[PDB]
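Chemist: Sequence first, structure after, both from an experimental entry:
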Amino acid sequence: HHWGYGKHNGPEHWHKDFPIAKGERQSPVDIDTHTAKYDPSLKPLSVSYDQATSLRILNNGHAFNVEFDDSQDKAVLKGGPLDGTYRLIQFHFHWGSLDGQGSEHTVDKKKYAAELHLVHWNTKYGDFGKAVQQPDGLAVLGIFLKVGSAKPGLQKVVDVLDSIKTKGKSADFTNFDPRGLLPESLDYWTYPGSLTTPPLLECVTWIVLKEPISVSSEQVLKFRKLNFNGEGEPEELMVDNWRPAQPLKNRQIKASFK
Ligand SMILES: NS(=O)(=O)c1cccs1
Ligand SMILES: [Zn+2]
């Protein structure tokens, strides 16, 4: 009996426990590509993932997270609109019950089948828990997934899902290279926003890549076999774990490309 994505506890209800849900810098948003402002002052992204150390994969009851060792500068994101160095701590996905929905951000109202979030925190704040309390604390790289050809670099994640089917299950997940999840181009949009699940803190610089990656129908089908529930509880399939677009309010979306 807490927040989730059901009819009785889903995104429309969250504001009752987390009033920041109606705040001024909430995410996700629709990216209107014609009113995004090209900003020549924006730098290319620098993704340095060569020394990434993955540790574990966890079903936390609303998604599955692949967690990384963030006790040193092993996998970091720099450049773009960021000042300073952000360390990778985990990635996860949001996805739908059908191929025509699943992403959190939309592009000219278009929904993708899923959205990948690579979550990084600003090393100047020392730990992730301190970082989420700051307006420049996190940087999340958002990558859209469309259904088409399979993504070979995603298959190791798909094959382990049977082992973490229910809430609270975890499995060792070492030597996974997140470089296999990136598109060819690193062109992006960026805007200031928030976590898209409770506690909905307004601490995120969003960097959303223009180029989607393709995954196969069989790959995304396997995401839809996970459960929101714990073992021994009534089965509820983990699907549609996305928050709908929020008002842009007083914000400008910037593009790194024209
Ligand atoms: N979905 S997200 O990337 O904004 C997020 C929620 C909690 C930690 S990171
Ligand atoms: Zn997310």
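Modeler: Yes, it's here. Numbers count the residues shown, from 1 in each chain. Ligands and ions are numbered 1, 2, ... in the order given.

Chemist: Quick check: residue 178 touching residue 77?
Modeler: No: using C-beta atoms under 8 Å, residue 178 makes no contact with residue 77, being 10.9 Å away. Just so you know, the C-beta spots here come from the backbone N, C-alpha and C atoms, and that holds for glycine as well.

Chemist: Give me every residue in the stretch 101-250 of the chain lying close to ligand 1.
Modeler: 117, 119, 140, 195-197 (C-beta under 6 Å from any ligand atom).

Chemist: From the residues you listed, pick the one nearest residue 230.
Modeler: Distance to residue 230 across these (C-beta to C-beta) is lowest for residue 197, with 18.3 Å.

Chemist: Backbone dihedrals for the closest one, please?
Modeler: Backbone geometry at residue 197, expressed as degrees, to the nearest 10, gives phi -120, psi 160.

Chemist: Make sure it is actually in contact with residue 140.
Modeler: No: Residue 197 lies out of contact with residue 140 (C-beta under 8 Å); the separation is 11.8 Å.

Chemist: Looking at the two now, which is surrounded by more residues?
Modeler: residue 140 (24 against 21; other C-beta atoms under 10 Å).

Chemist: Contacts only, for that one.
Modeler: With contact set as C-beta atoms under 8 Å, 6 or more residues apart in numbering, residue 140 has these partners: 117-120, 204-207.

Chemist: For this protein, which segments are assigned as helices?
Modeler: 128-131, 155-160, 217-223 (DSSP state H).

Chemist: Enumerate the positions of the first one that are buried.
Modeler: Of the residues in helix 128-131, those scored as buried under the neighbour-count criterion (16 or more other C-beta atoms under 10 Å) are 128, 131.

Chemist: Burial check on the nearest residue to residue 236 once chain neighbours are set aside, number of neighbours?
Modeler: Leaving aside its chain neighbours, residue 236 sits nearest to residue 228 (4.6 Å; criterion: C-beta to C-beta, 6 or more residues apart in numbering). Burial of residue 228 is recorded as 20 neighbouring residues (other C-beta under 10 Å).

Chemist: Please tell me I have it right and residue 228 contacts residue 168.
Modeler: No: assessed by C-beta under 8 Å, residue 228 is found out of contact with residue 168, at 11.4 Å.

Chemist: Now for these two: what residues contact both?
Modeler: residue 61.

Chemist: Next up, the contacts around residue 240.
Modeler: Residues near residue 240 by C-beta under 8 Å, 6+ apart: 5, 95-97, 101-102.

Chemist: Using PyMOL, define a selection of the buried residues within those.
Modeler: Provided next is the PyMOL selection string for whichever of these are buried by 16+ other C-beta under 10 Å:
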select buried, resi 5+95+96+101+102
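
Chemist: so who does the residue nearest to the spatial centre of the chain touch?
Modeler: Nearest to the mean C-alpha position of the chain, counting by C-alpha atoms, centre = their mean, stands residue 117 at 2.1 Å. Residues near residue 117 by C-beta under 8 Å, 6+ apart: 91-94, 140-142, 196.
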